[PDB]
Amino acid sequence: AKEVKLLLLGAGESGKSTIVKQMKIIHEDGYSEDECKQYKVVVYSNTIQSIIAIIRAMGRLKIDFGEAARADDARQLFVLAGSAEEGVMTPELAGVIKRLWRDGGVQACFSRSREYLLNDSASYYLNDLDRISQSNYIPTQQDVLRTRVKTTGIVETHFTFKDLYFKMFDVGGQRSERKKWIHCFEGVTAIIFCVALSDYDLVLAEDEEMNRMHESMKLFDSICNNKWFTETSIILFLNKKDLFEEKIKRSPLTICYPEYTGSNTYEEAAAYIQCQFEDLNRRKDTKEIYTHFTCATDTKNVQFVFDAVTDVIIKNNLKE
């Protein structure tokens, strides 16, 4: 039995859980209408969480509302924060969010999300407020993809594709179950390291000794060069390319790499970053890296990228 073990690694918010969900959609018939119903509350919760996160950031970043009236909605939001913990988003709550998301001050703060920590499901949910606020609303599969869930252990998914048995593990941030956790690192066919390209312009936070991209690099450096992984494919998912492309128009890559003398085209930057990662591989004669530029929330893109990742696996054990 040729059985394939895949381990997802990468900093938090790099798209790991999304890739997992994406395998369920692409290779395991997705989510049934029942399951979609179960994420109703999650969608509502994340929406509430997302708008709160911006509101709270306004206080810290010292940004006034566009219209002074919104102060009431801010106060109203915290009162109503729990309203959706079952089913409906009351009409009253939807208007609060609608009016806040509209406001010029809130927006200025949303533009400045590099200056704090705003999740990338935020605008997806908020721009579709009108749609999700209907009482009859059933989450679409794209809505489920965009859900942000706390996990407290190892996430696993399994499927059969091209006559091969795939087991994929997103080992969490919790070693609160070692051994099973350590095992996820054992007998791996391919490691898939995710990088949020769009982190390149994030401000150096007060709890960091280097920016997020270099943290991702340091991490990749150690995975890539670990003697345990000599016989394991290293696959690099430079992810969030959609966001990266928009950002790079405005924020120079020199923000992330001061020494960078290239240009702020999507093409030239993405290539520079790839090089920064791939140069970390210190065994180039005995190992090569498989870089892919992905948008993990885009089912069609992932299908294609994963299809290609599989083709290499097939062509691999036909040699070895």
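Quick note: we count residues from 1 along the sequence shown, nothing fancier.
J.: Between 52-60 and 251-259, which has the larger average Cα B-factor in the PDB entry?
T.: The deposited B-factors put 52-60 ahead on the C-alpha mean.
J.: For the stretches 175-183 and 114-122, which has the higher mean C-alpha B-factor as given in the deposited record?
T.: Per the deposited B-factors, the answer is 175-183.
J.: Per the entry, which of 280, 295, 270, 68 tops the list for Cα B factor?
T.: Across 280, 295, 270, 68, the entry lists the biggest C-alpha B-factor for 68.
J.: By the entry's C-alpha temperature factors, tell me which of 211, 151, 189, 157 sits highest.
T.: Largest recorded C-alpha B-factor: 151.
J.: How does residue 47 rank on Cα B-factor within its chain, lowest, middle or highest third?
T.: Residue 47: CA B-factor falls in the middle third of its chain.
J.: Is residue 241 in the lowest, middle or highest third of its chain when residues are ranked by C-alpha B-factor?
T.: Residue 241: CA B-factor falls in the lowest third of its chain.
J.: Using the temperature factors of the C-alpha atoms in this entry, rank residue 229 within its chain: lowest, middle or highest third.
T.: Its C-alpha B-factor belongs to the middle third of this chain's values.
J.: Residue 8: which third of its chain by C-alpha temperature factor?
T.: Within its chain, residue 8 is a lowest-third residue by C-alpha B-factor, going by the deposited values.
J.: Could you tell me which third, lowest, middle or highest, the C-alpha B-factor of residue 140 occupies within its chain?
T.: Middle third, going by the recorded CA B-factors of the chain.
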